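When you line the first sequence up against PDB author numbering, it's residues 2 to 11, 20 to 48, 51 to 82, 85 to 91, 96 to 118, 121 to 124, 137 to 138, 140 to 166, 169 to 226, in that order. The C-beta atom is built at its ideal place from N, Cα and C for all residues, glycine as well.
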Amino acid sequence: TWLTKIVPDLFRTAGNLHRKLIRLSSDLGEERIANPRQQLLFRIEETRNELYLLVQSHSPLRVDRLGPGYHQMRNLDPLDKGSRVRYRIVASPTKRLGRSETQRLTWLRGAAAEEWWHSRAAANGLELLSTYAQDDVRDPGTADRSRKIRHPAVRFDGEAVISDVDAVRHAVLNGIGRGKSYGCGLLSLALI
DNA sequence: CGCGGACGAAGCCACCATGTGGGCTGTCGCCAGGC
């Protein structure tokens, strides 16, 4: 993978955030499996002005119109088990259930979000997830370009001893939780 | 030598007072639900 610090300017909506992330990468690929996760990822870091954002990626980004005045960028290749390292992350805990008139949506509170998350990591890296328990988007009018929704993210943080390296790294590259294209998924680690 | 231009010749009369005015303008919170 490879990491960059980038910052869009004029961002009014989340979908245009997605599009500004894909229009700077020409050769794009998508390798999918029926039920498993798709194989960029990204995290919103400062949103009231322009919008600074950390991107994880496979294909190299170069500045575009109204981009940075420079191409930071580093290419990284990943992490010994038993050792603790800093984590991080935004995701959307949900419960899907039959809806009157299907619906994404202990169990809310800060304890089934912790249950949900450590479910997400599973045998990979053991961690503690900052529990949130509370973003809107609409289509920019372009045909076949989504529509309008709501949503709710949660950020999580600390050091996460990993129990399987290739598989937590697998999780780092695949992403944790739905809506990866709308801010979620990216797990960030650092040595303790 | 002739014509044209310029200049000249007058008749002239002389203790103490100040006040006016009035005419041009635009703004949100967003989304969802119910009537």
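Worksheet item: Since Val188 is in the beta strand (DSSP E), which residue starts that stretch and which ends it?
Response: Taking the first sequence and counting its residues from 1, the one referred to as residue 188 is at position 154. Secondary structure note for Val188: its beta strand (DSSP E) is the uninterrupted segment 188 to 190.
Fill in: Alpha-carbon spacing of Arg87 relative to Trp3, whole angstroms
Reading the first sequence from its first residue, position 74 is the one you call residue 87. Reading the first sequence from its first residue, position 2 is the one you call residue 3. Taking the straight line joining both Cα atoms gives about 6 Å.
Discussion item. On the DSSP bridge list, what partners appear for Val8?
Written reply: Position 7 of the first sequence, counted from the start, is the residue given in the question as residue 8. Its beta-bridge partners do not exist; DSSP assigns none.
Discussion item. From the DSSP secondary-structure annotation, give me the bridge partner or partners of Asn88.
Written reply: Taking the first residue of the first sequence as position 1, residue 88 is located at position 75. Residue pairing from DSSP places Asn88 in a beta bridge opposite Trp3.
Worksheet entry | Closest residue to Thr58 among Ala23, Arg28, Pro45 (Cα-Cα distance) | Residue 58 sits at position 47 when you count from the first residue of the first sequence. The residue among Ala23, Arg28, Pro45 with its C-alpha nearest the C-alpha of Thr58 is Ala23.
Item to complete: In angstroms with no decimal places, state the Cα-to-Cα distance between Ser197 and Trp149.
Response: Your numbering for residue 197 matches position 163 in the first sequence. Your numbering for residue 149 matches position 117 in the first sequence. Cα to Cα, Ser197 sits roughly 16 Å from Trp149.
Discussion item. Rounding to the nearest angstrom, what Cα-Cα distance links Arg172 and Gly192 in this structure?
Written reply: As a position in the first sequence, residue 172 is number 138, starting the count at 1. As a position in the first sequence, residue 192 is number 158, starting the count at 1. Cα-Cα distance, rounded: 33 Å.
Worksheet item: Does the Cβ of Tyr216 have 16 or more other Cβ atoms within 10 Å, making it buried, or fewer, making it exposed?
Response: Within the first sequence, numbered from 1, the residue matching residue 216 stands at position 182. Flag for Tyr216 reads buried.
Worksheet item: From what residue to what residue does the beta strand (DSSP E) around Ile55 run?
Response: Indexing the first sequence from 1 puts residue 55 at position 44. From DSSP, the beta strand (DSSP E) with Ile55 extends over 52 to 57.
Fill in: Between the CA atoms of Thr111 and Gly157 - distance to the nearest angstrom
Taking the first residue of the first sequence as position 1, residue 157 is located at position 125. Taking the first residue of the first sequence as position 1, residue 111 is located at position 94. Going by C-alpha positions, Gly157 is about 21 Å away from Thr111.
Item to complete: Please report how far the alpha carbon of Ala205 lies from the alpha carbon of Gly213, in whole angstroms.
Response: If you number the first sequence from 1, residue 205 lands on position 171. If you number the first sequence from 1, residue 213 lands on position 179. Using only the alpha carbons, I get a separation of about 15 Å.
Practice prompt. Thinking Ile210 and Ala145 are a contact (beta carbons under 8 Å), I'd like their distance in whole angstroms, please.
Written response: As a position in the first sequence, residue 210 is number 176, starting the count at 1. As a position in the first sequence, residue 145 is number 113, starting the count at 1. Taking 8 Å as the upper bound for CB-CB distance, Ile210 and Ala145 are not in contact here, some 13 Å apart.
Discussion item. Can you look up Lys182 in the DSSP assignment and give me helix, strand or coil?
Written reply: Along the first sequence, read from residue 1 onward, the residue named residue 182 stands at position 148. In this structure, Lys182 counts as strand in the three-state DSSP scheme.
Worksheet item: From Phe20 to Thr176, what does the alpha carbon distance come to, in whole angstroms?
Response: Position 11 of the first sequence holds residue 20. Position 142 of the first sequence holds residue 176. Cα-Cα distance, rounded: 16 Å.
Practice prompt. Assuming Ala224 and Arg103 form a contact by the criterion Cβ under 8 Å, report the distance between their Cβ atoms to the nearest whole angstrom.
Written response: Locating residue 224 in the first sequence gives position 190, where the first residue counts as 1. Locating residue 103 in the first sequence gives position 86, where the first residue counts as 1. The pair is a contact, with the Cβ atoms about 4 Å apart (cut-off 8 Å).
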